[PDB]
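Okay, here we've got a single chain as structure tokens, the form deposited in one PDB entry, with questions on binding and movement later.
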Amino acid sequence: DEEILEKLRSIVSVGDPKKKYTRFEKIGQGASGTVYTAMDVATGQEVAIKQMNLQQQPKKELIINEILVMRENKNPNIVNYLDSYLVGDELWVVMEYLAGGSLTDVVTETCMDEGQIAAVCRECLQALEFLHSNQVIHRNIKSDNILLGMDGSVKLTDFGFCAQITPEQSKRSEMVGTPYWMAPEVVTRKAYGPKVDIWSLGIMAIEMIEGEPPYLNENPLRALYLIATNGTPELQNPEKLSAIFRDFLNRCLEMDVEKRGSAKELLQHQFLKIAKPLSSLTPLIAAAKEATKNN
């Protein structure tokens, strides 16, 4: 529709990004747009800006929904929205910039100890508690969507797949997310809720342990089948984990949605009590950057 486009345009101001921001440097590109780093002229704040051609963009309703969700869900454990501009047919969206890279770089190139894993899980559960208390389900938790500051701060990004629920409609039933990280009830199209994010967090903790989510060697379709049929995945070497870490994982990856922990109750779990300070993550960030120099 041209109606859905006009609705998208209406929630964005018309203006020039260069009035407030400079030193644009392209760090990425794709169909969904070009991504730059840039700087706030008045404050010196480094920012991340996405340039997007609106005409060609499919499923504009998801762009409307992401912008709306960010504007009303600002939090220290989220990669926050700063501003947006319309210029001609292109949309510019300004976000905080995190210079420490993604958690994916860390889990694929380093060995995290349990204190560092507990820290990351805590910060993520803080974001999830905030989101769920505002009836937002992320539905795409994975290390790729966890970004790190150079001080070890931990923030969640990418709200392109999130669902807003209501007491009227408090559950969803559609297969949305990234296969390896999807909870069984999502994969098999049952009525589901916020605890699907708790499952995906459990899979991300398996990333921090083993380097990959379960079945990454398989194609996405085979992985969906395996999740549906196996339920709670198995660790290669559970012997290597503490009793309290194993219990934390079990409570994230519980098949029974009523038995699975909420974000609020996992924030009280004993595993998080051994978390190291976030400064402990900066050597991992340094390692990850070194590892990925050649790409």
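The term rigid core refers to the maximal set of C-alpha atoms that superpose within 1.5 Å between the two forms. For every residue, the number given is its place in the sequence shown, counted from 1.
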query	finding
Of 34 to 42 and 56 to 64, the stretch whose C-alpha atoms average the higher B-factor in the entry	56 to 64
Residue stretch of maximal mean CA temperature factor, 165 to 173 vs 141 to 149	165 to 173
Which of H269, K240, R246, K26 ranks first by CA B-factor in the deposited coordinates	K26
Among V87, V94, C111, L128 - the residue whose C-alpha B-factor is largest in the record	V87
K190 CA temperature factor, ranked by third within the chain	highest
Third of the chain's Cα B-factor distribution that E212 belongs to, per the entry	lowest
Lowest, middle or highest third - CA B-factor, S200	lowest
Where the record places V120 (Cα B-factor, split into thirds across the chain)	lowest
Lowest, middle or highest third - CA B-factor, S279	middle
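This protein has a second form, the form deposited in another entry, left out of what is shown; the following refers to that one.
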| item | value |
| --- | --- |
| Single mover in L226, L241, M39, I64, with Cα shift of 2 Å or more between this form and the one not shown when the core is superposed | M39 |
| Core-aligned C-alpha movement of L54 between this form and the one not shown reaching 2 Å | yes |
| Core-aligned C-alpha movement of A287 between this form and the one not shown reaching 2 Å | no |
| Cα displacement of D151 between this form and the one not shown reaching 2 Å, rigid core superposed | no |
| Sense of the change in Cα distance from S143 to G33 in that other deposited form - at least 3 Å versus the shown form | closer |
| Direction of the Cα shift between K19 and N75 in that other deposited form, where the change is 3 Å or more | farther |
